[PDB]
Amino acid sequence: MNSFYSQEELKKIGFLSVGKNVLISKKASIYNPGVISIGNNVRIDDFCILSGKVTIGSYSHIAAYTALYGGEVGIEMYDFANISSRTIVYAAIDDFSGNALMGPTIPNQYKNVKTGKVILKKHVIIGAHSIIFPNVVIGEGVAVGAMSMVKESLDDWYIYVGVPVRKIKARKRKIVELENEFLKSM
């Protein structure tokens, strides 16, 4: 079976914008669909949470349990980006340092929230159980491994692993040739 909303159910959600062949679990949470644009051929799985400003392009899988906290600044994924299960992407984060109170029970003037657009460029893949922090551009074709923590921007076409991640090898570009192949045959 599957848990995906109908085309009929989907247009009732109220997305800023939703494309063709979009498959979204009835078990995801979508908060403020008003600020969420989704392109074509996108699958969002069980127990995802998308909240605040989120832009997804086309050909992207958001695997189960993944939370995207877009806040005001937003999270944007370009085409052919994918995110494996249990990832968190934060576009805002509280100050852990001891210099500020923390979290949504507390008025902003006591906190020191860090906020910044998070961008995943084309062909980015994020491995399972990973965390991406605010104000981070994940460069084109970057792979980050499972269980990775990314606190700053990542250079294009590299593979990274660890907490926090380190650059371990080049990502191959064959994928770009297959993109063009795939598209050409449509």
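One rule holds for the numbers: they count along the sequence shown, beginning at 1.
Out of 85 to 93 and 109 to 117, which one has CA B-factors that are higher on average in the deposited record? 109 to 117 has the higher mean C-alpha B-factor.
6 to 14 versus 174 to 182 - which carries the larger mean C-alpha B factor in the record: In the deposited entry, the stretch with the higher C-alpha B-factor mean is 6 to 14.
Quick one: which of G52, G145, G39, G141 shows the highest Cα temperature factor in the PDB entry? Of the candidates given, the C-alpha B-factor peaks at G39.
Name the third of the chain's ranked CA B-factors that contains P33, choosing lowest, middle or highest. CA B-factor rank for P33: highest third.
Could you tell me which third, lowest, middle or highest, the C-alpha B-factor of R43 occupies within its chain? Middle third by C-alpha B-factor.
Sorting the chain's modelled residues by C-alpha B-factor, tell me whether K26 ends up in the lowest, middle or highest third. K26: CA B-factor falls in the highest third of its chain.
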